[PDB]
Structures are given as C-alpha cells and as structure tokens.
Amino acid sequence: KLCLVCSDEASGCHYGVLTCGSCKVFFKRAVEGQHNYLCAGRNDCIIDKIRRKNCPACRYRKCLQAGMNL
Amino acid sequence: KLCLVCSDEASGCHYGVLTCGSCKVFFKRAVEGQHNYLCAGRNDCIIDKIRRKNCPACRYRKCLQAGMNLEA
DNA sequence: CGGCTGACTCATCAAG
DNA sequence: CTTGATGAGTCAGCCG
Ligand SMILES: [Zn+2]
Ligand SMILES: [Zn+2]
Ligand SMILES: [Zn+2]
Ligand SMILES: [Zn+2]
C-alpha cells in the first residue's frame, strides 16, 4: 500500500502507478513545466517522505522508472 | 449549511452554488438530457427534501435562478 | 448515489 | 518584500 516513488502511504493509482498524493502532483508539475532539474549527488539520491524535497531530479527519475505517464 | 435549492443539508459548492448531492446530480442530467419538464401547478412549487421529486420543472428553474452553471 | 482519479486552488516554506 | 516549490483540500467527470 506504499507509494512506489517515495514509500509514503499510497493514496491510489495515479498516472498509471501506485503513488501518494504529493508524488501525484509532483509528477504532473514536472512533466508539464521546465525540465532541467540537476542532481547534486550521483543520481541515486534516497527519495522518501523526509528527503523527497531534496532532489527533484532523482524524484522525477523514479517517477519515470516506475512508469508514470499522462 | 443548507442546500439553496431544496433546503436539505448541503454538501459543498457544486456548479457554483451551495447545494446538496442530490440536487447536484439532478442539475447536470437536466442540462444535458432530453427533458420535457412540465409543472402541474403554477410554476411556483415548494421544493424540499420530499417534494423536490414531484416537480422537476420547478426544481430545475430554482437551480438556474440560484446561479448553477456547469461551467462555474 | 459514492468510489476512483484528475484538475485546480491556496497556505506554507525556502530562497534571494 | 517577491518568487517558486510543496502538499493538502475541494470538486469535477466517469462508472456501476
Ligand atoms: Zn510518494
Ligand atoms: Zn539526486
Ligand atoms: Zn438540494
Ligand atoms: Zn412546479
């Protein structure tokens, strides 16, 4: 019952994937607007409830890898 | 906290107006369905929790007079 | 209906 | 102060 992107409690199947609400609207914002997020680490940041704001780049990558799409 | 159309307990701002769930669904089917509504009295019916089922014409008219709009 | 999911809005924070 | 990112809340269509 866990968000496949950040492991928060999932609220439902959004854009094809079991995710929480915050990840649902994160993906929609990221897929429409500008694209160029930059990772400050090595593109494998830990994305969980407490750290998901740190790296949009890695959070967006995980959304794609889990299969989110419009 | 009461539906502006039938005075039943309101549920939220629906189609631009504070209304109940039943009136919300009624209004959308009225706007979009093929509907020959005719009042059996004087186009001035009492519309409440029970009587709203009797006169869809007056119920509709009240929906529109209250401001409901599917675009709102 | 009411469950499901998407669109939209707004308060709160971080940054500058 | 302003700007931008975040996430919670409300209400929309659709479906059964
Ligand atoms: Zn998540
Ligand atoms: Zn990263
Ligand atoms: Zn009502
Ligand atoms: Zn009537």
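All heavy atoms count here, side chains included; hydrogens, waters and symmetry mates do not. Labels below follow one simple rule: chain letters A, B, ... track the order of the sequence lines, proteins then strands, and each chain is numbered from 1.
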| request: Decide yes or no for B/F27 and B/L70: does some side-chain heavy atom of the first lie under 4.5 Å from some side-chain heavy atom of the second? | output: yes

| request: Round to the nearest Å and state the distance from A/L18 atom CG to C/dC4 atom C1'. | output: 13 Å

| message | Could you check whether B/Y15 and B/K28, counting side-chain N and O atoms only, form a donor-acceptor pair closer than 3.5 Å? | response | no

| said: Could you tell me if the side chain of A/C20 sits less than 4.5 Å from the side chain of A/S11, heavy atoms only? | reply: no

| Does some side-chain heavy atom of B/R59 sit less than 4.5 Å from a side-chain heavy atom of B/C23? | yes

| field | B/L4 side chain near B/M68 side chain, heavy-atom distance below 4.5 Å | value | no

| task | Determine whether A/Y60 and A/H35 make a side-chain contact, defined as any pair of heavy atoms from C-beta on separated by less than 4.5 Å. | result | yes

| said: I'd like to compare against my own output: the B/S/- annotation of nucleotides 11-16 of chain D with a strict under-4.0 Å heavy-atom distance to protein. | reply: SSS---

| query | Do A/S7 and A/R52 pass the side chain to side chain donor-acceptor pair (under 3.5 Å) test, and can you show the C-alpha distance, the side-chain angles, and the key distance before you say yes or no? | reply | CA-CA 10 Å; A/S7 304; A/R52 62 197 183 194; over 6 Å; no

| message | Tell me whether A/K1 is salt-bridged to A/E9, with the criterion being a basic N under 4.0 Å from an acidic carboxylate O. | response | no

| said: Positive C1'-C2'-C3'-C4' counts as north, negative as south. Which one applies to D/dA12? | reply: north

| message | Counting C-beta onward and ignoring hydrogens, is there a side-chain heavy-atom pair between B/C6 and B/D48 closer than 4.5 Å? | response | no

| message | Counting only heavy atoms and a strict 4.0 angstrom limit, can you tell me which residues of residues 35-70 of chain A come near DNA chain C? | response | none

| query | Taking a hydrophobic cluster as the set of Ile, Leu, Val, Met, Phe, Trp and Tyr residues connected by side-chain heavy atoms closer than 4.5 Å, whether directly or through intermediates, do B/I46 and B/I50 fall within one such cluster? | reply | no

| task | Could you encode protein contacts along nucleotides 11-16 of chain C as a string, one character per nucleotide from 5' to 3', using B for base contact, S for sugar-phosphate-only contact and - for no contact, with a heavy-atom cut-off of under 4.0 Å? | result | ------

| query | Given atom CZ of A/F26 and atom P of D/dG7, what is their separation to the nearest angstrom? | reply | 9 Å

